[PDB]
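Below: one structure, written as structure tokens.
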Amino acid sequence: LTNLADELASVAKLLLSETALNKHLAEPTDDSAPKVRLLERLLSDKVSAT
Amino acid sequence: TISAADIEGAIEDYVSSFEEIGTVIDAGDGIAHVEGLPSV
């Protein structure tokens, strides 16, 4: 749980610092498949499966 | 979670991943506002 919390805090910090990526990941969309693809492409490197 | 400007490229693919259909986001007095349609 602590590891998950730290990862989530780091991700939130990254999103806050990187405005454009936050915009792209946050813009509402009926199909979330592109959102999932980009999120897993950018994060799978440095986050846990949960 | 440190990541360099490489993340940049990703969004260029994402925007490049996406006929062009926009959505009306508000309308009034004969004026509409449409989100999307980047190539318009």
Side-chain angles (χ1 to χ4, degrees):
Chain A
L1 288 167
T2 60
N3 308 339
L4 168 55
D6 307 332
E7 290 188 358
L8 289 159
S10 81
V11 167
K13 184 67 179 66
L14 177 137
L15 295 162
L16 170 54
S17 189
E18 174 60 20
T19 312
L21 200 160
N22 188 359
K23 310 211 197 64
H24 277 81
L25 272 179
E27 273 194 1
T29 301
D30 46 302
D31 168 23
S32 45
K35 303 276 196 71
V36 166
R37 196 184 85 254
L38 276 296
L39 194 147
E40 65 195 1
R41 278 182 66 265
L42 294 155
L43 278 295
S44 168
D45 46 349
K46 311 181 186 83
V47 291
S48 85
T50 59
Chain B
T1 198
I2 51 161
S3 279
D6 171 24
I7 60 184
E8 185 64 30
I11 54 150
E12 272 93 11
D13 296 330
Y14 181 76
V15 66
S16 295
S17 306
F18 306 148
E19 266 292 310
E20 284 204 1
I21 314 291
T23 306
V24 183
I25 46 176
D26 61 60
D29 316 311
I31 305 288
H33 285 96
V34 183
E35 67 181 11
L37 306 173
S39 178
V40 76

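Atoms considered below: every heavy atom in the structure, side chains included; atoms not considered: hydrogens, waters and symmetry mates. Every chain is numbered from 1, with letters handed out A, B, ... down the list of sequences.
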Hey, can you dump all donor-acceptor pairs under 3.5 Å between chain B and chain A, distances included?
residue : atom : partner : partner atom : Å
B:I2    : O    : A:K46   : NZ           : 3.3
B:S3    : OG   : A:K46   : NZ           : 3.1
B:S17   : OG   : A:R37   : NH2          : 2.9

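Heavy atoms closer than 4.5 Å to chain B are found in both the backbone and the side chain of A:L21.
By the 4.5 Å side-chain criterion applied to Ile, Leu, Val, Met, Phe, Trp and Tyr, B:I31 is assigned to no cluster and stands alone. Summarising the hydrophobic clusters (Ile, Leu, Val, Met, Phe, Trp, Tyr; side-chain heavy atoms under 4.5 Å, direct or chained), the residues clustered with A:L8 are A:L4.
Screening residues 1-21 of chain A for ring-ring contact (aromatic ring centres under 6.0 Å, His included), with sequence neighbours left out, gives no hits.
Rounding to the nearest 0.5 angstrom, the gap separating the CD1 atom in B:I7 from the CG atom in A:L43 is 10.0 Å.
Hydrophobic cluster membership differs between A:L16 and A:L14, with clusters built from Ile, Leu, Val, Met, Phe, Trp and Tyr side chains linked at under 4.5 angstrom.
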